[PDB]
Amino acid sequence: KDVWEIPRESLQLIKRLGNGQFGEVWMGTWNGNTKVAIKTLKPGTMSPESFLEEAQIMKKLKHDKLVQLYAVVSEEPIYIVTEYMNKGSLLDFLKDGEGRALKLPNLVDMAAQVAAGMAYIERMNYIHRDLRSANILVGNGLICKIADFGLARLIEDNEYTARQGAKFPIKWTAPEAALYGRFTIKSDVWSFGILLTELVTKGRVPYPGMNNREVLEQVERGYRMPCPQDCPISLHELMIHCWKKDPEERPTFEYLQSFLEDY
């Protein structure tokens, strides 16, 4: 029988943690002693086969800076049981005073963690496609992990041409991806670049006064974001590095991981 399969009896949902277009994520315990997170699938929403494509990828990706899969309940409603992160979303962790009081050297640290996780996915020939503050979960001791592999794909030749329909976060998504549906690890690099922006401005929304419509034209014409306040030019140059038009010209997460790891 399946090694990851588990009996819905051993799961005791206790609190809603978040939502999704295909399901609601909950907090609950497994076998009465381990805190877990359950990513359920709303019945009339998506195919059990599809929902499960995320779990399939999760069983193939194991890194410490990546939310780990604990089990799966393959019968409707589907369940994806994973590691529970105390602090919650990086986005909301910054939007307060706990992680908000956080000083640079500390923020740079968490960033280095996200690069390490990305570097792994890089080597694994995977693509996240939805990299950003809200999808980064924070655990105890300022630990940061990448979560939500709903749109993650194993890179074929080198990119992924979506159905040219799905709508992605215009502000975090690279231009060649949202205009040609040409996604690559380099596209996440662009997104990493915008995450720095967030992680550096207390979880502010990228491209302040503009809208997905506007942001689409400036970036295109070659205009990027300016160095955020109390933000070194040093790592803003890192951000403009991540926002280059030619993806080949953008750095690799390996580089990125070390760069932030050194200061």
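All residue numbers are counted from 1 along the displayed sequence.
> According to the deposited model, is the average Cα temperature factor higher in 76 to 84 or in 154 to 162?
According to the PDB entry, the answer is 154 to 162.
> Compare the mean C-alpha B-factor of 38 to 46 with that of 217 to 225 as given in the PDB entry, and name the stretch with the higher value.
Averaged over C-alpha atoms, the B-factors run higher in 217 to 225.
> Based on the PDB record, which member of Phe149, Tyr120, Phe183, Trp190 exhibits the highest Cα temperature factor?
Spelled out: the listed residue with the top C-alpha B-factor is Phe183.
> Checking the entry, which one of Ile136, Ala174, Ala112, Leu102 has the top C-alpha B factor?
If I rank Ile136, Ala174, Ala112, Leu102 by C-alpha B-factor, first place goes to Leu102.
> According to the PDB entry, is the CA B factor of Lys15 in the bottom, middle or top third of its chain, that is, lowest, middle or highest?
Within its chain, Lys15 is a middle-third residue by C-alpha B-factor, going by the deposited values.
> Relative to the other modelled residues in the chain, which third contains the C-alpha temperature factor of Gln68: lowest, middle or highest?
As the PDB entry reports it, the C-alpha B-factor of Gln68 lands in the lowest third of its chain.
> Select lowest, middle or highest to describe the third in which the CA B-factor of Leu260 falls within its chain in this entry.
It falls in the middle third of the chain.
> Quick check for you: using the entry's CA B-factors within this chain, is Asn212 in the lowest, middle or highest third?
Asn212: CA B-factor falls in the highest third of its chain.
> What third of its chain, lowest, middle or highest, does the C-alpha temperature factor of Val108 fall into?
Lowest third - that is where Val108 ends up once the chain's C-alpha B-factors are sorted.
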